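Novice: Residue numbers (the entry's author numbering), protein chains in the order written: chain B, 62 to 157; chain W, 41 to 405; chain A, 41 to 53; chain U, 319 to 371; chain P, 303 to 350.
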Amino acid sequence: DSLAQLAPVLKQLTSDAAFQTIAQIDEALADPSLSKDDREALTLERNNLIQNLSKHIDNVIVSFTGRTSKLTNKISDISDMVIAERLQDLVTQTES
Amino acid sequence: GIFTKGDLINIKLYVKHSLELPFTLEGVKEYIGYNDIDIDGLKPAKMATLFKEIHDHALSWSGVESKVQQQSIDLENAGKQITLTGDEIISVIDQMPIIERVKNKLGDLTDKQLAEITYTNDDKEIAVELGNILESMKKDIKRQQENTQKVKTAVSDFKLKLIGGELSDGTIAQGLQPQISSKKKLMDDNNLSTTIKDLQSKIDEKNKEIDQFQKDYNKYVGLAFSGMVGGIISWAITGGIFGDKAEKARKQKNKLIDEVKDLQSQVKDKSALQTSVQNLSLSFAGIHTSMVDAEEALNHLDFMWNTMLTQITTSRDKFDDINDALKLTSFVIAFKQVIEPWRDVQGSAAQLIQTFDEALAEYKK
Amino acid sequence: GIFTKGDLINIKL
Amino acid sequence: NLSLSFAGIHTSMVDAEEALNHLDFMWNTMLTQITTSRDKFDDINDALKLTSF
Amino acid sequence: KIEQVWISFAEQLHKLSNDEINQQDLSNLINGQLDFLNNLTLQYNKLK
Numbered sequence: 062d063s064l065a066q067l068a069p070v071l072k073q074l075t076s077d078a079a080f081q082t083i084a085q086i087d088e089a090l091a092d093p094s095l096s097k098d099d100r101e102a103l104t105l106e107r108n109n110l111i112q113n114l115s116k117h118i119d120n121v122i123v124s125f126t127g128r129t130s131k132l133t134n135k136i137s138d139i140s141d142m143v144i145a146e147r148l149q150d151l152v153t154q155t156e157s
Numbered sequence: 041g042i043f044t045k046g047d048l049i050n051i052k053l054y055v056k057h058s059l060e061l062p063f064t065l066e067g068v069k070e071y072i073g074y075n076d077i078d079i080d081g082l083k084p085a086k087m088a089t090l091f092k093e094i095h096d097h098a099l100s101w102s103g104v105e106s107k108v109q110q111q112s113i114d115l116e117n118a119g120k121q122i123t124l125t126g127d128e129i130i131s132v133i134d135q136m137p138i139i140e141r142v143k144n145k146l147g148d149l150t151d152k153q154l155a156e157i158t159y160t161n162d163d164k165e166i167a168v169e170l171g172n173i174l175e176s177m178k179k180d181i182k183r184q185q186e187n188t189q190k191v192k193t194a195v196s197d198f199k200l201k202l203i204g205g206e207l208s209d210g211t212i213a214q215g216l217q218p219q220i221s222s223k224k225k226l227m228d229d230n231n232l233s234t235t236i237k238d239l240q241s242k243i244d245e246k247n248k249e250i251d252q253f254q255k256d257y258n259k260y261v262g263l264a265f266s267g268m269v270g271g272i273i274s275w276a277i278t279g280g281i282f283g284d285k286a287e288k289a290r291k292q293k294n295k296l297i298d299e300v301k302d303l304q305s306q307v308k309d310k311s312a313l314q315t316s317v318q319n320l321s322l323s324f325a326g327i328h329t330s331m332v333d334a335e336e337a338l339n340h341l342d343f344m345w346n347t348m349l350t351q352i353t354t355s356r357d358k359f360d361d362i363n364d365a366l367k368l369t370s371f372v373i374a375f376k377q378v379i380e381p382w383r384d385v386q387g388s389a390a391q392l393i394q395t396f397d398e399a400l401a402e403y404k405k
Numbered sequence: 041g042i043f044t045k046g047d048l049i050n051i052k053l
Numbered sequence: 319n320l321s322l323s324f325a326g327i328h329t330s331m332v333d334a335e336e337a338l339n340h341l342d343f344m345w346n347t348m349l350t351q352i353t354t355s356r357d358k359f360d361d362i363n364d365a366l367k368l369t370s371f
Numbered sequence: 303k304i305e306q307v308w309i310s311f312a313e314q315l316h317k318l319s320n321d322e323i324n325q326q327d328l329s330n331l332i333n334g335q336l337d338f339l340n341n342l343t344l345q346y347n348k349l350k
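In structure tokens, the structure reads:
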């Protein structure tokens with residue numbers, strides 16, 4: 062289930078291509094002698110969208126580490142229960 | 041696709057052969073062909089419990105497969121009508137320039153059928169405006185997830201009743217595959233090839249006594265007829281001595297022949313028992329072989345629904361960010377993120393339905 | 041934690 | 319037969335042995351940290367200048 | 303062995319969330335993980 066719920070969320074980060082839309086703003090910011098009403102405005106949503114990219118990539122980690130740490134609890138709930146060394150007395154008595 | 045047409049046959053093979061199995065206490069008792077094994081695990085009260093679990097496990101699949109089929113059709117129909125609407129929206133916003141894009145917001149364009157883009161819901165009604173399509177699609181994606189979770193539950197309930205583990209309710213179900221392998225291991229570990237040799241040791245032991253007591257009764261009666269040649273008085277003497285011991289050895293001859301007749305009757309039933317178990321081992325052997333193929337098939341089935349239930353869920357939760365306060369560049373990358381799982385769910389149902397109906401007509405062969 | 045959930049079961053067992 | 323009865327009882331106590339030792343050590347950690355909190359908090363009085371507070 | 307490459311990814315991935323740069327070594331770093339994850343999906347699908 063962690064294998065199935067983490068494959069699609071990674072591809073949401075790869076082909077997001079919102080930095081390419083920033084590159085569309087990059088030809089619209091410096092390359093024209095552009096209106097400062099819109100030069101401030103183009104950088105405004107750019108500052109949102111990079112933070113939206115940070116909130117994208119951090120909401121991966123919450124969904125990511127919400128399963129990895131959820132798995133590390135489960136290994137330690139298995140790796141502690143010794144059952145062989147608690148029975149080697151009980152085997153050899155019956156084996157005798 | 042992952043869930044091949046041979047996978048769906050292997051399940052329906054398992055469903056077919058399981059319904060052949062009886063589920064009454066009498067019909068299982070006939071099917072196993074015995075009465076009351078000396079060992080515990082093969083007693084028919086356990087067995088009729090076990091087949092009744094299988095017979096109930098088989099009848100669930102008619103509900104399950106119908107839920108798989110009817111949902112995956114809807115996953116294609118929603119998988120296209122959303123994808124038709126969504127690809128048109130991302131195309132027509134790129135007609136707007138990037139300079140004018142930021143000055144506009146989402147609420148600026150919730151007023152009309154934007155560039156004749158429409159949408160049809162699950163309810164076969166049409167929606168034209170962007171402020172109405174995005175709200176209708178929000179209901180529909182929410183509607184498809186809760187249908188899909190009802191599907192994946194019934195799939196995983198069908199799998200984990202077979203292989204074992206926690207069901208959806210929380211009941212740990214013992215796995216049907218090891219429950220067959222538990223009994224099949226019990227049918228190999230049996231003393232039936234030993235006790236029959238042990239009982240035929242005792243019968244051939246007790247026959248040696250009976251073959252000896254016949255010599256005794258043919259001797260004491262020979263001794264008991266000593267008297268009346270001249271000894272009419274001695275007739276009661278040796279007849280008192282030996283005629284008792286002739287009678288006592290004959291009563292031993294009465295008792296032991298009746299015991300050997302009873303001990304032979306145990307060998308007759310246990311010889312019929314050892315045949316009955318060894319035949320029954322082959323019956324479970326196919327049932328175990330059917331479950332191993334049903335094991336692998338459901339695992340690929342569960343993983344595709346788990347892939348689809350993920351992609352519907354991560355589509356819906358990202359789509360909840362959509363509101364009129366979004367500026368128009370930030371709307372697109374958000375909305376483009378919504379539809380990219382719907383490409384694969386469209387592709388997964390296409391990989392499913394093509395690999396579904398082709399196994400149906402093939403199952404008639 | 042140190043006192044795991046399997047510890048508390050082993051007592052209640 | 320009775321040896322096997324005690325064998326599980328002994329096996330139950332060995333797991334109960336290890337479990338309580340981790341249980342005691344966490345309470346002993348907590349009972350320490352409450353105690354060393356209280357005793358240092360008894361230094362608090364109005365004569366303390368404000369950096370030293 | 304699997305807990306490591308969950309955490310060592312996520313530590314390295316949260317390392318990039320500090321700087322928040324739009325590098326494509328980011329997507330290169332996902333690609334090695336995403337292939338590894340797709341590798342790990344495959345043996346469950348080729349379990350057969």
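All C-beta atoms, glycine included, are put in the ideal place defined by N, C-alpha and C.
Determine which residues of the stretch 87 to 105 of chain B have a Cβ less than 8 Å from any Cβ of chain D, and write them out in chain order.
Specialist: Judged by its chain identifiers, the structure shown contains no chain D, and its protein chains are B, W, A, U and P.
Novice: Around the Cβ of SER176(W), are there at least 16 other Cβ atoms within 10 angstroms (buried) or fewer (exposed)?
Specialist: The residue is buried, with at least 16 neighbouring Cβ atoms inside 10 Å.
Novice: Under 8 Å between C-beta atoms, does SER137(B) make it to chain A?
Specialist: True, the Cβ-Cβ gap to chain A drops below 8 Å.
Novice: Is the beta carbon of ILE181(W) closer than 8 Å to that of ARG356(W)?
Specialist: Result yes, Cβ atoms of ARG356(W) and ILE181(W) sit closer than 8 Å.
Novice: I'd like to check one pair, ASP256(W) with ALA289(W): are the Cβ atoms closer than 8 Å?
Specialist: Yes. Within cutoff.
Novice: Assign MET348(U) to one of two classes, buried (16 or more other C-beta atoms within 10 Å of its C-beta) or exposed (fewer than that).
Specialist: Classification of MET348(U): exposed, given that the 10 Å Cβ count is below 16.
Novice: Reducing DSSP to helix, strand and coil, say where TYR71(W) ends up.
Specialist: Correct three-state label for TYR71(W): helix.
Novice: Specify the secondary structure class of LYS164(W) as computed by DSSP and reduced to three states.
Specialist: DSSP places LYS164(W) in coil when its eight states are reduced to three.
Novice: Since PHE396(W) contacts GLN184(W) with CB under 8 Å, what's their CB separation in whole angstroms?
Specialist: Rounded, the Cβ-Cβ distance is 18 Å, inconsistent with contact.
Novice: Using a 10 Å radius around the Cβ and a threshold of 16 neighbouring Cβ atoms, would you call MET227(W) buried or exposed?
Specialist: Answer is buried; the Cβ neighbour count reaches 16.
Novice: Could you check what DSSP says for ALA213(W) in three-state terms: helix, strand or coil?
Specialist: If DSSP states are grouped into helix, strand and coil, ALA213(W) belongs with the strands.
Novice: Given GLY283(W), which residues of its chain have a CB within under 6 Å of its CB, disregarding the five upstream and five downstream residues?
Specialist: Here the set comprises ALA264.
Novice: CB-CB under 6 Å to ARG128(B), same chain, minus the five flanking residues each way: which ones, in chain order?
Specialist: If we look at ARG128(B) and ignore the five residues flanking it on each side, its Cβ neighbours are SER63.
Novice: So which residues on chain P does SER115(B) lean against when the C-beta distance must stay under 7 Å?
Specialist: Under the 7 Å cutoff, chain P gives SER319, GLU322.
Novice: Please state whether the Cβ-Cβ distance between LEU232(W) and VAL300(W) is less than 8 Å.
Specialist: Contact: no.
Novice: Mind listing which residues of the stretch 135 to 150 of chain W have their C-beta closer than 9 Å to chain P's C-betas, in chain order?
Specialist: Cβ contacts with chain P come from no residue of the stretch 135 to 150 of chain W.
Novice: With 16 as the cutoff for other CB atoms within 10 Å, does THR369(W) come out buried or exposed?
Specialist: Buried: at least 16 other Cβ atoms inside 10 Å.
Novice: What does a CB cutoff of less than 8 Å around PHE343(W) pick up in its chain, not counting 5 residues either side in sequence?
Specialist: Only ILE42 meet the Cβ criterion.
Novice: Going by DSSP, what residue range makes up the alpha helix (DSSP H) through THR104(B)?
Specialist: Here the alpha helix (DSSP H) through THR104(B) covers 97 to 137.
Novice: Taking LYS404(W) as the reference, give the member of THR44(W), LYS52(W), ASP47(W) with the closest Cα.
Specialist: Considering only alpha carbons, the answer is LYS52(W).
Novice: Taking the straight line between their C-alpha atoms, what separation do you get for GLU156(B) and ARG147(B)?
Specialist: Their Cα atoms are separated by approximately 15 Å.
Novice: Residues in its own chain within less than 8 Å of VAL121(B) by CB, not counting five upstream and five downstream?
Specialist: Result list for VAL121(B): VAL70, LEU71, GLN73, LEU74, in chain order.
Novice: Pairing CB atoms from the stretch 121 to 136 of chain W with CB atoms from the stretch 153 to 166 of chain W, are three or more of them under 8 Å?
Specialist: Taking 8 Å as the limit for Cβ pairs, the verdict is that the stretch 153 to 166 of chain W does touch the stretch 121 to 136 of chain W.
Novice: Would you mind stating whether residue 31(W) and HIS328(W) have Cβ atoms separated by less than 8 Å?
Specialist: Residue 31(W) lies beyond the range of chain W shown here (41 to 405); nothing can be said about it.
Novice: Would you say the beta carbon of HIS340(U) is closer than 7 Å to some non-hydrogen atom of the ligand FMN?
Specialist: The ligand content of the structure shown is nil, which means the ligand FMN is not present either.
Novice: In this structure, how does DSSP classify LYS83(W) when only helix, strand and coil are distinguished?
Specialist: Looking at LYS83(W) - three-state DSSP - the assignment turns out to be coil, as it is neither helix nor strand.
Novice: Give the interface partners of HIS340(W) over in chain P, defined as CB-CB distance under 8 Å, in chain order.
Specialist: Near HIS340(W) (Cβ distances below 8 Å), the residues of chain P are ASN347.
Novice: Hey, is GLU380(W)'s beta-carbon within less than 8 Å of any beta-carbon in chain P?
Specialist: No - not a single Cβ of chain P is within 8 Å of the one on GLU380(W).
Novice: In or out: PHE371(U) buried (at least 16 other Cβ within 10 Å) or exposed?
Specialist: By the neighbour-count rule (16 or more Cβ atoms within 10 Å), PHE371(U) is not buried but exposed.
Novice: Between the C-alpha atoms of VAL123(B) and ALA365(U), what's the straight-line distance to the nearest angstrom?
Specialist: Taking the straight line joining both Cα atoms gives about 48 Å.
Novice: Under the rule that 16 or more other beta-carbon atoms within 10 Å means buried, what is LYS376(W), buried or exposed?
Specialist: Its Cβ being crowded by 16 or more others within 10 Å, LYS376(W) is buried.
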